[PDB]
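Data block below; observations after.
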Amino acid sequence: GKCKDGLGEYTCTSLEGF
Amino acid sequence: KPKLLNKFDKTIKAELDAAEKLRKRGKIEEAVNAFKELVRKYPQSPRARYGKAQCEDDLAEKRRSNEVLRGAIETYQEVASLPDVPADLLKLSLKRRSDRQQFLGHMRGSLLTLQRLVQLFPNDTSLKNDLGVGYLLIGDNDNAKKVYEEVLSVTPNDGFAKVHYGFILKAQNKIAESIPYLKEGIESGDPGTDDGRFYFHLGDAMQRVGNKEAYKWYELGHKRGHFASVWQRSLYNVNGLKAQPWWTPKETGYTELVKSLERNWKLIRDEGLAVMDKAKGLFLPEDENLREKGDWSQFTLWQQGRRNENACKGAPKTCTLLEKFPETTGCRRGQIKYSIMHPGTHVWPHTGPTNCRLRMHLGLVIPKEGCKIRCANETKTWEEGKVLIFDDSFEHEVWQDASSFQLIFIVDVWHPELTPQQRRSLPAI
Ligand SMILES: O=C(O)CCCCCC(=O)C(=O)O
Ligand SMILES: O=C(O)CCCCCC(=O)C(=O)O
Ligand SMILES: [Cl-]
Ligand SMILES: [Mn+2]
């Protein structure tokens with residue numbers, strides 16, 4: 001689930017370490 | 001305070017302390033060698049193994065190396081496999097393992113580690129709360145909900161559990177049910193509850209049910225540093241970017257993009273209508289619970305700065321036109337998409353996730369009456385062949401009360417004050 005128009009997800013970014 | 005040394009480790013405390021002194025003095029390379037020697041000489045020592053893992057963790061920070069960190073993640077697990085590990089040390093090691101797995105994006109891995117922690121420490125409520133976050137981070141809201149229900153049935157006034165339970169209910173459109181959990185949770189002041197996500201969604205649940213207390217919570221969220229203002233409530237921000245709800249083309253500096261959209265708007269319209277007529281299932285229903293009522297669907301050409309090749313088969317000339325403009329095609333915090341909205345639609349007041357984009361709307365089919373958009377305190381209408389520009393990190397709201405469909409083209413651009421460095425480095429949204 002991506003935050004496209006809103007802010008509904010617990011996190012909107014992906015985690016990729018450093 | 002923590003008891004990290006088992007019976008044998010207490011007998012080698014001088015060697016263990018000497019190695020840890022090296023790590024605390026920032027001599028990370030010497031410290032990894034010291035703990036590697038202790039692991040060689042004392043392979044069952046939990047404290048030696050934890051020291052090696054901590055040094056590898058520090059080294060990964062120093063080198064900014066994911067590979068070094070994967071080594072640390074494995075050593076933290078090794079700690080837990082050794083005999084006689086003191087409870088405090090086992091909990092510290094696996095907790096840091098999970099934390100580092102999340103940092104790397106290993107969310108399934110972190111989930112297994114958290115499940116193991118809850119099995120090993122069945123009375124530790126904070127570990128169940130952490131497991132709930134694990135589920136939320138992978139999008140498993142059903143399992144997260146079961147976890148916070150279990151926590152609340154033992155400790156009903158745990159504020160961390162309440163705000164997360166409230167967040168889940170709200171995401172499920174159980175709006176009225178979510179309000180007391182979000183409100184009581186924030187009011188607990190428990191660690192982890194002072195979070196802009198919970199202020200954001202409590203205020204929004206309040207707005208949806210008509211509770212005028214909403215803006216008091218927005219005001220408090222602003223006072224606590226979570227929101228740039230009570231109007232602009234995005235949570236993925238770059239501080240200091242110019243903040244205003246409505247923009248002119250000249251203010252944005254993207255006058256060449258705007259001229260191209262307005263000169264060429266009929267081709268963009270005609271490709272959208274052809275999809276409407278011949279390929280309407282390319283329009284996907286809005287899926288972020290932003291509607292009170294009505295029908296609204298979007299057909300996306302770019303998202304996160306990435307062209308959808310199959311979608312651009314359906315609007316090839318529009319995609320060809322837009323590819324001249326990396327200020328939008330490379331906007332990894334925005335989209336390029338057609339949007340169709342039908343009569344009887346009301347979109348709740350809402351905010352997008354980031355102040356790093358501005359949102360252009362090109363009017364394509366605009367009924368002469370019945371369509372309007374509010375951003376902050378100011379309401380506007382669209383025109384066919386004309387671009388409107390607003391900052392959708394400000395609260396905005398739309399009504400469609402015409403007698404026929406409305407079609408617009410949405411083009412997100414990087415906020416103009418963002419440097420090229422930032423446009424390269426910001427995580428995609
Ligand atoms: O509303 C539109 O024309 C775009 C989305 C169409 C999706 C297909 C469908 O079920 C319908 O005809 O509503
Ligand atoms: O589809 C249409 O004709 C109208 C769509 C309006 C959407 C407004 C909004 O909330 C945004 O773009 O962020
Ligand atoms: Cl040993
Ligand atoms: Mn919007």
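Atoms within a ligand are numbered from 1 in the order they appear, just like the ligands themselves. All chains are named by letter (A, B, ...) in the order of the sequence lines, taking the proteins before the strands, and each is independently numbered beginning at 1.
Judged by the shortest distance from any of its heavy atoms, B:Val347 lies outside the 4.0 Å radius around the atoms of ligand 2.
Ligand 2 has an N or O atom lying under 3.5 Å from an N or O atom of B:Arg359, backbone or side chain.
Those atoms of ligand 2 with a heavy atom of B:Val398 less than 4.0 angstrom away are 8 (C). Contact atoms of ligand 2 toward B:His350: 10 (O) (distance under 4.0 Å to a heavy atom of the residue). Each of the following atoms of ligand 2 lies closer than 4.0 Å to a heavy atom of B:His396: 9 (C), 10 (O), 11 (C), 13 (O). Close approach of ligand 2 to B:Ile410 (heavy-atom distance below 4.0 Å) involves ligand atoms 12 (O).
When side chains are defined from C-beta on, B:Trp302 does not count as touching B:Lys337, because their heavy atoms never get closer than 4.5 Å. Using a 4.5 Å cut-off on side-chain heavy atoms (C-beta onward), B:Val347 and B:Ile373 make no contact. Contact annotation: the side chain of B:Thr300 never approaches that of B:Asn308 to less than 4.5 Å [non-hydrogen atoms, C-beta and beyond]. Side chains of B:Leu220 and B:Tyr215 form no contact here, defined as non-hydrogen atoms less than 4.5 Å apart. Contact check for B:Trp414 versus B:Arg332: side-chain heavy atoms found under the 4.5 Å cut-off.
Between B:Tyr338 and the options B:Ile410, B:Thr318, B:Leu282, B:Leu362, a side chain to side chain contact (heavy atoms under 4.5 Å, CB included) holds for only B:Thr318. Of the residues B:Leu418, B:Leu358, B:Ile389, the one that meets the side chain to side chain contact (heavy atoms under 4.5 Å, CB included) test with B:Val413 is B:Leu358.
In this structure, B:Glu74 contributes its side chain and B:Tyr76 its backbone to no donor-acceptor pair below 3.5 Å.
Excluding waters, the count of protein N/O/S atoms less than 2.8 Å from the Mn ion (ligand 4) comes to 2.
The residues B:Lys183 and B:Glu187 are annotated as salt-bridged, a charged nitrogen and a carboxylate oxygen being separated by less than 4.0 angstrom. Between B:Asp142 and B:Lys145 no salt bridge is recorded (no basic side-chain N to carboxylate O distance below 4.0 Å).
Using a 4.0 Å heavy-atom criterion, the residues that approach ligand 1 are B:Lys280, B:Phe283, B:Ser297, B:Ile340, B:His342.
Both tests do not hold together for B:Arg197 against B:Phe167: distance to the six-membered ring centre under 6.0 Å, angle to the ring axis within 45°. A cation-pi arrangement, defined by a distance under 6.0 Å to the six-membered ring centre and an angle within 45 degrees of its axis, is absent between B:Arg263 and B:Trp265. Seen from the ring of B:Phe121, B:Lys91 counts as a face-on cation partner, given the 6.0 Å and 45° thresholds.
Residue contacts with ligand 2, taken as heavy atom pairs separated by less than 4.0 Å, involve B:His361 solely via side-chain atoms from C-beta onward.
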